[PDB]
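Beneath this line is the structure, given in structure tokens, with notes to follow.
In the working numbering, the protein residues as written are 22 to 1633.
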């Protein structure tokens, strides 16, 4: 108490500006007493930051610190039976209110677990307070520190720095486990250095239960089983086995009997059980339509562009919502469109027939704005309807397209042009064909597919790609887009959403459907030869899955001819297998599902089995799944029959077995062409959770809700410990009950004690010892909105608009500024839709209800007849109203559609209004907003409005002043639930909060659990602990490349020796193991670092994995609420209801292993136990295997003296390795001909290319920023694809595919763009710098206009190398811009000015010229701050072809424009300069209007020759030379041969050399490297440094010999 007199005068600089300081300081001065001084003398800061966070927001400070129900009852309000919690600030008027908290942390660690508990605390009030007639916006004040205004941030740290002795002095002078937590609460901005010593500085209190955990856990271990006693028992165990259970048949292997499994396959796949046909097109509904189109159409205009132009004009004017309601905003421009249609009928004699029946309209059909086929006659009604409803209508709505509008409107008269309907009747009854029809829910003639020539076989896939693109841009339709008529097995088609596609110059096709969005529609495909319609089928599928083949006709064609070309030896057999494989590819392309996918992946297991000589005996028992349709059988007869076609011939059909295996394997990986998406989300997450919990509860460890930090009840603990001791039971010599997870703890003692002795290949060495914001809920993961965001941003925008109208008294809402703030902070009509269209349908229907409930939560602010009985109110209205408790989440099958018409159609009173009033002031929306969908055609949303409308919404205190457990929350920064004395089973704070997620792998969904922050904070130390372990280990590869490479090489040279090697995997490696197994492993580890030859301490390691042992895996709500309505887990959760009927949310278990959570800790277990099993085999079977493990895959390479008769050994390995719950998968294969390791199949004499995986990989993962970066992605993946020795021609065909993906997207083209076509060598010698060089200098083919600028490249580069400086400061000649840099260069080289003339009109049009293609700095900075700082493939592409038609291209002038407008700034300059490449290269006079986008190509060509001199070269200057035979498929491994002249280890050599280049660029954020750190400072698209800080990644390339001597050369 030496500062207690100073402590009064210290906060004497706090003037009582309010009541929050006056009474608080007059009670501060009236007693010198240290006993409440840490409480009463410190609560002034508990008043200050409280009031300040209340001083910021709209807040009336209740200094009483009281509850929710009496603050509602201070006015005249009956108390609504609220639960009572504590807020500290209100704003209560109207019929809504504001509860607010404040929480402040410097750590990221429990700053989030406070907000989670806070919003959970006020959102267990949403069940009860919303029913009172009042909503609330529970707002929080997240703070990293103390941001106060009534103090100037200078005395609060004196309050933490001078009181930091006074609690030490008082706790000496005078609470104990509320002493150091006050220390941990009063910390500054900590660099709180947490290592493995993190557990050491807590208390370690216990539970008086963990003794039984150890008593269940550490008994059978001694770590002291002698190495002679291991051999003695293990020899007798082998002698026990070899007479025990090998010969009586409980093994798992056989000799495969290679003939017999062929028959097993024939009975497996060739479904003689099925009712399926032979010709496949009869069976599936889409192949019907394909074979219709390609053999009803292969045997076989200024008004065009005018109609298309004015149609796109209608699309542009439609995206406004400026017709004050959402129904006329289609129909007035429909009137415009049909007026132009009759004006086209009034244009020529043959106008609406000869170029329109062959055009965009067919018989009784009109095409217009969105994609709407409208089928003319209805519009003849509708305008008659609309002029029926408003007789005086086209008087204001026409020149509202001029006034309050851009007024750029190219319409001749069609605005006010109320047409003669009789004139429209003339065209309408002129042409009528059959109306389109759609089908829900025998005969056969399809030319027997292989009875055709090979030429029309691509005409198949062209129609496939044409209908595929139609399915693609089916998505491109707007996602709300509600039509004009609502409302079944066979439906006459009134007006449909309908895409298009060409086929030839006359006949085009369509695609008919009704539902908007992403989900499955019921399609219908009609052709029109010359106007004559034809239905040609009606199928059912889902759009977002056919993103693959959109132009891959040449791509699949290249592989369907390429793979077929592997049979150059059996010509007629090749002539058989060719066409069937192409139809096979078609059928797989026809049917994406999970079943056909998983099957076709599952064929390599059989193929490795027939290739090798031993399988696991249960593989064919699981190599089929049940066909849910008749469609899965179609693929399951052909490749299966193809297996039958060339595995077992009646003669010796194993001749060229290597090509056979390669071929059929690439057939089997041709599975992977199905886009891995698990066709729906809610049937995936339940399937993933059933994959999660079924072996668990079969092993029997399901418990219900823990306390989430620590303590348990007795009974849940009992089944916990029951599973624990049942786990380790599993004796060393029982052969039954072996498929149960666990281990003989005493055989674990053999393994770990022989490990402690240094006779394994690994030991306890342990070099360099390991001892060194928006947050969601947990029950909806796999999605992209939490529930807490969906109240967070709602409350933010609600409180923001709560401010704007009570400054002056506006008292009105803006119906688009209520849609502007949310559209800003999540992702002015054009300013909204400028980035509003950059969303997803999941995001669209979320944003709609966000619009809804923000409009509701602002409609609640100004708030201060059921006798129209149609149906029973107690059976339709109020019964469903109380079953739902919400008018909002009302379903659609409990009612019908017409009751949403008729009871919604109640007559007008003060419940409705007319003259819809798009001003819309607040508080009157109860009659104003309700008529918005009454005057739209829709019925559901107004029904929700009308049912939510009309009130259907119904001294001890001085000692406990020092805050103990009875007084925790009375501060905010008291740091309540930090660890203070950590639990034996928990971290004292959380209990390892996890959730559910899948991964979408090829066959099965690999899982992931949802970590919290502290859970990951503990996960990191354990996984990097094992990382430092496995670095000292010798036979792991989860992160090491080198040992994996040596495993590869010795694997190959074992296979070339003709030696034997296994290949495993592990069925349910994830859900099997438990943390306590790994604790028991860690118990008998010595871990003697060679620093200190001594057993290290593991109590920070052993007691932290106890917390993993008791983890909280949550449940998805989508697996929880799907089980609510009415599959053994679905059976199990319904008997969790007949217990204590809480919903099973929090679930803890024993044996979990999040995959990638404790992964490497299993890897050392999966290393050491593997080497232990490997160790016996040198003494039990006198052979030397070597076993690698990548923590989920394993391999043992067997060395045999002087043939598979030692299967005696082999399943015995299983019989050993099954005992340690590393269960041998039924998918494993062991033999001597084919060995894997992670899809690297190392067969005799060669190596498997595995073509179609990478080929599929390029045709997937087309994600979208820029056609540099997007075409950098497929540039990368083409580097990977040609690493495997595919060809060159496939690569260019992929390049042409992605080129056409650009070209369809409306970017147009550029010689940067996609990479080149026909690239023959460039992959081998060099990165993108040489590829863009070849692409650009193949344009200048005569090699006379660009050899000059490469001469300039030599005259610059040989002066800018060593030996001479010669302006190494070129730093500012370049950075001025594009042209004038090159003008300095070219005169610097030595020539005339005439070259500077003749070159610099070579121009191209850049669209990310000045900035980017904005679809929401030089990118060099981003690559450096990426490397230096350390929604499918279809569904982005639609937001890519939509956010390219927007307002996108920028000038340096502030503002944006369109791509076609830049292409409207064009001319034609036929003299040899524009005419070099059409719409690619320009004259300057061809762009004399807009030449500022006309950047020069030759500047970037010069910079490319310098980058080709940077990253490699001194041959890249030279002339492209002339090449000048072998087997076509004699492919082999070639080497890079790159001559690099830079200096290596660049990672600091460029970052420090950004200062020497441009100062503010790194101020806010060698000999040669800096001159091309300078060739990407000013521009963006060279590709320089990114592939010199990272590496080429392959260096080993294999290619065909016909891609080497056929390739060019560029010698110096």
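Positions of the beta carbon are idealized from the N, C-alpha and C atoms, including for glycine.
Extent of the continuous beta strand (DSSP E) to which residue i belongs
| i | result |
| --- | --- |
| residue 554 | 554-556 |
| residue 1132 | 1132-1134 |
| residue 1424 | 1424-1426 |
| residue 1170 | 1168-1170 |
| residue 486 | That residue, residue 486, is in no beta strand (DSSP E); its alpha helix (DSSP H) goes 478-493. |
| residue 1570 | No beta strand (DSSP E) contains residue 1570, which is instead part of the alpha helix (DSSP H) from 1567-1570. |
| residue 155 | Note, residue 155: premise wrong, no beta strand (DSSP E); not H, not E. |
| residue 1122 | Taken as a continuous stretch (DSSP letters only), residue 1122 belongs to no beta strand (DSSP E), being part of the alpha helix (DSSP H) at 1120-1123. |
| residue 511 | 511-513 |
Paired residues, beta bridge with residue i - DSSP
| i | result |
| --- | --- |
| residue 1554 | 1619 |
| residue 163 | 124 |
| residue 530 | 522 and 548 |
| residue 1028 | 1019 |
| residue 9 | It is not possible to answer for residue 9, since the shown part of the chain is limited to 22 through 1633. |
| residue 274 | 637 |
| residue 1517 | 1424 |
| residue 543 | 561 |
Range covered by the alpha helix (DSSP H) that runs through residue i
| i | result |
| --- | --- |
| residue 635 | Element bounds for residue 635: not the alpha helix (DSSP H) but the beta strand (DSSP E), 635-637. |
| residue 261 | 248-265 |
| residue 600 | 592-611 |
| residue 1189 | 1180-1201 |
Cut-off 6 Å between Cβ atoms - residues of its own chain near residue i, not counting five sequence neighbours on either side
| i | result |
| --- | --- |
| residue 576 | 1314, 1315 and 1318 |
| residue 1472 | 1431 |
| residue 449 | 397 and 398 |
| residue 246 | 770, 771 and 774 |
| residue 567 | 489 and 492 |
Neighbourhood of residue i by C-beta distance below 8 Å, restricted to the same chain and skipping five residues each side
| i | result |
| --- | --- |
| residue 931 | 948 |
| residue 374 | 452 and 552 |
| residue 600 | 470, 471, 473, 475 and 478 |
Closer than 8 Å to chain B by CB, residue i
| i | result |
| --- | --- |
| residue 819 | No chain B is present in this structure, which holds just one protein chain. |
Contacts around residue i, its chain only, beta-carbon distance under 7 Å, and the 5 residues preceding and following it disregarded
| i | result |
| --- | --- |
| residue 946 | 880 |
Can we say the stretch 178-192 touches the stretch 1007-1014, given the rule of at least three CB pairs closer than 8 Å?
-> no
Is the stretch 1543-1553 touching the stretch 1611-1628 in the sense that three or more CB pairs, one from each, lie closer than 8 Å?
-> yes
Cβ pair count under 8 Å reaching 3, the stretch 869-879 against the stretch 342-360 | no
Can we say the stretch 1028-1044 touches the stretch 1147-1154, given the rule of at least three CB pairs closer than 8 Å?
-> no
What are the uninterrupted segments assigned as alpha helix (DSSP H) that are 4 or more residues long and contained completely in the stretch 408-471, given in chain order?
-> 442-451
Cβ pair count under 8 Å reaching 3, the stretch 652-670 against the stretch 560-577 = no
Taking one C-beta from the stretch 507-514 and one from the stretch 455-464 each time, how about it: are there three or more such pairs within less than 8 Å?
-> yes
Along the chain, which unbroken stretches of the alpha helix (DSSP H) at least 4 residues long are found entirely within the stretch 928-1011?
-> 946-949 and 961-970
Segment contact flag, the stretch 1368-1379 with the stretch 1566-1578, C-beta cutoff 8 Å, min 3 pairs = no
Using 8 Å as the Cβ pair cut-off and three pairs as the minimum, do the stretch 780-795 and the stretch 268-276 touch?
-> no
Tell me the start and end of each unbroken alpha helix (DSSP H) in the stretch 819-884 that is at least 4 residues and wholly inside, in chain order.
-> 841-847, 850-857 and 862-880
Which ranges would you report for the beta strand (DSSP E) in the stretch 1189-1263 if only whole runs of at least 3 residues count?
-> 1207-1210 and 1215-1219
Are at least three pairs of beta-carbons, each pair with one atom in the stretch 55-65 and one in the stretch 109-121, less than 8 Å apart?
-> no
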